[PDB]
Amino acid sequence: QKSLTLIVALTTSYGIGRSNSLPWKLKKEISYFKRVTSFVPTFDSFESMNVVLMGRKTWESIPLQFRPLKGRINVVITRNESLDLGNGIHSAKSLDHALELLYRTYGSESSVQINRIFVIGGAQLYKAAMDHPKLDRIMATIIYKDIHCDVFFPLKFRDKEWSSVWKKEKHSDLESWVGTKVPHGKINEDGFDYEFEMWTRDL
């Protein structure tokens, strides 16, 4: 069971969504998201691919022109065996089942190898990922504007109460893990000030 990575864009009040949608239109954040979930270190095996895990509500909210996230192995978690109708859209009862589907489906008899696993969201899938003993990384984008949302991140990993578990890494570590250079400091895109951060937990 490889390490799990959580990627999220949230306000300072931990808000992450409004009405099954995003209360903001950031063009530079979305590019970060894609490169991060799509990047694979050269040294790893040649047929290495990434996986993005997502909840059901998060998958139905992505416009058909966008989903499924290309260049990545897509898995939808659902406590319901319903029709996904995909080009191979895997679905599992939980994080642990999803990981089991991957290892079984992708391995020796595969011409496709699993690289990094990303939990791309959904409040409910976040809490599950936060409770999992394998999550160890959190790629966070902080919107410095207390926008009005109605969906929030479960754990306040940036507050004091958790400061002994979650440690924010320097930007040099944030860039190396991503293999490329990324904007250091605030970024003001259309009256929004946000920045990238990477937090690591001890296992």
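The first residue of the sequence shown is number 1, and the count goes up from there. Rigid core: the largest C-alpha set superposing within 1.5 Å between the two forms.
- After superposition on the rigid core, the larger root-mean-square Cα deviation in 7 other deposited structures of this protein belongs to 35-43, not to the other of 35-43 and 48-56.
- Between stretches 110-118 and 87-95, greater average Cα displacement in 7 other deposited structures of this protein relative to the shown form, fitted by the core, falls on 87-95.
- A summary of the deposited B-factors shows that, of 107-115 and 123-131, the stretch with the larger mean C-alpha value is 107-115.
- As recorded in the PDB entry, 73-81 is the stretch of 93-101 and 73-81 with the greater mean C-alpha temperature factor.
- Across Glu47, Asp159, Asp173, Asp136, the entry's maximum B-factor at the CA atom is seen for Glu47.
- Out of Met198, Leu203, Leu4, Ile7, the entry records its largest CA B-factor for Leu203.
- Among the modelled residues of its chain, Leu64 has a C-alpha B-factor that falls in the highest third according to the deposited record.
- Among the modelled residues of the chain, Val178 sits in the middle third by CA temperature factor in this PDB entry.
- Sort the chain's modelled residues by C-alpha temperature factor and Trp24 lands in the highest third, per the entry.
- Among the modelled residues of its chain, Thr58 has a C-alpha B-factor that falls in the middle third according to the deposited record.
- When the modelled residues of the chain are ordered by their C-alpha B factor, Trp166 lands in the lowest third.
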